[PDB]
Amino acid sequence: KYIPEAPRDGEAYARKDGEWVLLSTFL
Amino acid sequence: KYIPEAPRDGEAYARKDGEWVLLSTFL
Amino acid sequence: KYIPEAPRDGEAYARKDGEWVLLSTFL
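As structure tokens, then:
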């Protein structure tokens with residue numbers, strides 16, 4: 001598939017297992 | 001809606017508020 | 001110029017040079 005827009009919520013996101021997950025967590 | 005291709009410039013981006021932002025800007 | 005899904009392998013991904021790169025490359 002193609003990837004949809006990430007949340008519109010002030011936060012940056014990486015992509016993991018077909019979903020948007022916060023970057024802050026991994027960092 | 002869907003995300004577009006990110007810039008092509010040798011650096012890595014994440015997805016935020018409907019734009020591609022540098023990873024270094026968070027690290 | 002929609003971008004296809006990242007590999008399904010449990011890893012966080014950032015977009016770079018028209019490809020998916022592992023977040024941990026830079027961590």
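Just so you know, the sequences run in chain order A, C and B. Take 1 as the starting number for the first sequence in the authors' numbering and just add one per residue. Take 1 as the starting number for the second sequence in the authors' numbering and just add one per residue. Take 1 as the starting number for the third sequence in the authors' numbering and just add one per residue. We put the CB at the ideal spot given by N, CA and C, even for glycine.
Residue i: first and last residue of the uninterrupted alpha helix (DSSP H) it sits in
i: B:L22; result: No alpha helix (DSSP H) contains B:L22, which is instead part of the beta strand (DSSP E) from 19 to 22.
Unbroken beta strand (DSSP E) run spanning residue i, endpoints
i: B:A14; result: 13 to 16
Residues that DSSP places opposite residue i in a beta bridge
i: A:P4; result: C:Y2
Cβ-Cβ separation, residue j to residue i (assumed contact under 8 Å), whole Å
i: C:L23; j: B:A14; result: 6 Å
i: B:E11; j: A:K16; result: 7 Å
i: C:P7; j: B:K1; result: In fact, because the Cβ distance is near 12 Å, the residues do not count as touching under 8 Å.
Near-chain B residues of the stretch 8 to 25 of chain C - C-beta to any C-beta below 9 Å: Those residues of the stretch 8 to 25 of chain C that come within reach of chain B (Cβ to Cβ, closer than 9 Å) are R8, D9, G10, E11, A12, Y13, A14, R15, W20, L23, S24.
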